[PDB]
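For reference, the chain that follows is the form deposited in one PDB entry, supplied as structure tokens.
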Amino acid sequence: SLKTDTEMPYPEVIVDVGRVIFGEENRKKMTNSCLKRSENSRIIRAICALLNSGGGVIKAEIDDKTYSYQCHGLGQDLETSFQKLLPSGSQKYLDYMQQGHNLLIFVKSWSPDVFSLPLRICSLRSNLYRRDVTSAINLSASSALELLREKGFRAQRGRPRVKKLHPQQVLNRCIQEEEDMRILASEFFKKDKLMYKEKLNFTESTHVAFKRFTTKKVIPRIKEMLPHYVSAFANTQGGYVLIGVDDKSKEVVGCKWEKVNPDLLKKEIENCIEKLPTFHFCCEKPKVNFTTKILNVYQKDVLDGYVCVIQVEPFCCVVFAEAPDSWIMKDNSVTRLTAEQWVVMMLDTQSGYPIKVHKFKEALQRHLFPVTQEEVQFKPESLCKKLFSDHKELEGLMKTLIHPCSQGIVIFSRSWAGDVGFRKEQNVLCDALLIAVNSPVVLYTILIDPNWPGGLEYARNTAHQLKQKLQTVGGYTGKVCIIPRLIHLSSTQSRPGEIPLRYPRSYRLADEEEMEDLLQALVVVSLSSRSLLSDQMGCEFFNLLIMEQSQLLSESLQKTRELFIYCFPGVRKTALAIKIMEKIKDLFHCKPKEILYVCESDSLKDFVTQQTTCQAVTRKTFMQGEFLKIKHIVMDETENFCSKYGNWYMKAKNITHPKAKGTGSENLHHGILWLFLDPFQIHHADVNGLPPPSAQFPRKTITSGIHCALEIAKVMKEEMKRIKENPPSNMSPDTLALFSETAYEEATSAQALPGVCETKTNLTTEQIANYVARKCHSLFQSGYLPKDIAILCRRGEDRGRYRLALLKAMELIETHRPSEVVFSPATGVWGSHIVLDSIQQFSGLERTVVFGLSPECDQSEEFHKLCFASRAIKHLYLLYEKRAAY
């Protein structure tokens, strides 16, 4: 929930930085430089925190009543800070607007695209130092990322032993190089005493730094200056810090013995180095390997001072001089990141990522949300019809609000808050999302009772969560503003608030490409969640997946003639078979009636002839007819076939691959004979008529066809594992050896979409009917159609009682509209009514929502759940009756 803010209530995280001087002239004439730096730091830290936490607004109070942003500007130091924070351009992330006595900085979230640097977060200073010749350089964010990746790569592989000290070698004199400085510094370090004003024969280098003591508080100044050099040396190659050496004259100076105590100085140096932040990519976690030594300075055997030399060894990993200058938002406060958190965020590579959704979002957007100059479109279709029939005035009111927009899309929802995974409000009738070119995105929240006090907060929160989901889940990397607007139906004429929310001009959708990008992000967001729009776009998404998978499978039409295709539960092989026949006709240039489809059930037969131009018959018709004109045969639900009516396999083999007795004919034809098999649903195991599993070659196992919900897929996976644990004696274990849970789980994570699957038990008939009627009413309120719901009973003798109870419950809930409730059998797929039939009659058919009603069958039958889940795409509701024992 966003923090309450009644004046300028933006649907963003708002950071109040207090009273700030603004304007180029006003900033320049500031006399208190400390206050100037304080104001600059507050604003820049807030910007960095907002850049790292999804964007937001910075609100600053303007002290000058005569200040005008048009005539005065921002300020040179503020702009310099912005350019330091955003070297790629602050225009892409910052916008400025003056609202009366406030100045607002609109911060867009830091989200790089593919064609840019792979920086995950923003930093002022990384505070990782690297030694470049004779300078300790505070690395930029990109430089720090390079260093982190190099250290991680080096430490991923181990370095045991490391006996590469190699005693010592011979030095060289005729040639001077940087290694000579390190050798000379090491010779200096092994000394124990120095003569006063002793000349040093070496200068600073990559491994040598020269420092001098101060004529003021000495230990605190060393504590400020040391971390930079220690970090720089440890990070690059190691080196020496020579405190007490004059840079220019190269003479030993040292600190006077009265002004410092060498033991205390040693302890302070050790303390400051020990507390330096560190990150390790290795497991041993070595500490910073350093050794400090005090060298007494003597003037004619008289103690005069000390020279402190610190040896810093190369570090295996990164060393921080302090915590990085990077900020995030935590509990509505700008919080500094620690070194450990900063490295973790900087090296993140997560940006659970759906490959297929982002691959097909463009096609889904071009199909479902086309950006055209063809008047404003109201989506989704079914929900809009229900809302407009429920309220006559709603449609005209929306057109009045939308005007004067000519091109755009308005996407309705029963609850947009619930659509994005947050709380549904009962007092909210619906939410409409207007998306148009050269317009801000507007979220209209229609209320039932205008006197409800939570409308403003609900709309603001919903707009905020939608934008956050679009940026994070949807991957939207643009400037978009969602304006929450509270609307009621009580007055046909509705007018906005006296303080309309305003955003910079850059926060509108500039063109059609930006509108298309936002709509593609919305496709991703909706597919990631649970709603009616998710279910409908999920059906379209599954169609695209079926098309690509069917293309891959048809590539085997030129490699095989006879093929046994083993399919896991829930792969949707009927759709695969339909597209395969399409490819057969295309490739073999045959007549559509030359391809034959053989299935076991008649409802599936009716469905297939309705969806294909090829000849489809049941196995009974296949055995009772003549098919001399058939060249190719595709078989489905072959596991339910029977040998009682003859050898269907021999007949199919003879048709597709006819042998010649006595040859004579030179036009022998070999045809396609593909059998789609599902070993996991082989029930009532009599003589199947199939050849033995040893002779079922060549074979193909289909693993990546699961087109159901994640919850439904997990139920089927659990059932498959349990079945494999205790396989029935009537099915061959060798066919079950081809199914692996790991491959099945990988396919589920690749394809399946979030859905609904719940179970309720110990319910009487009236309770089960009541649950189904209430849930169906709830689904119809959200925009679901009756053709999306199927109620399936385990046994066919329960149909009559269940139908009677369902009519009673549904008419009881429909006390306003006395319309007769129509149920249709499994053959009514083209119908727009709720399908009510048995699980065996619905074989090969699937619906978005399935209610499964069964008696108590604990350990009596272990197949019923698998069959129920195979007919459901998004919603599965398992209901179990009460065991009537008396």
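The term rigid core refers to the maximal set of C-alpha atoms that superpose within 1.5 Å between the two forms. Numbers for residues come from their place in the sequence shown, where the first is 1.
Not pictured, yet referred to below: the form deposited in another entry.
Visitor: Which residue, 762, 201, 83, 665, is displaced 2 Å or more at the Cα between this form and the one not shown after superposing the core?
Guide: It is 665; the other listed residues stay below 2 Å.
Visitor: Note yes or no: does the Cα of residue 211 move by 2 Å or more between this form and the one not shown after the core is superposed?
Guide: Yes; residue 211 is a residue whose C-alpha shifts (by 2 Å or more) between this form and the one not shown when the cores are overlaid.
Visitor: Assuming the CA distance changes by 3 angstroms or more, are residue 663 and residue 647 closer together or farther apart in the other entry compared with the shown structure?
Guide: Farther apart, which means the C-alphas of residue 663 and residue 647 are at least 3 Å more distant in the other entry.
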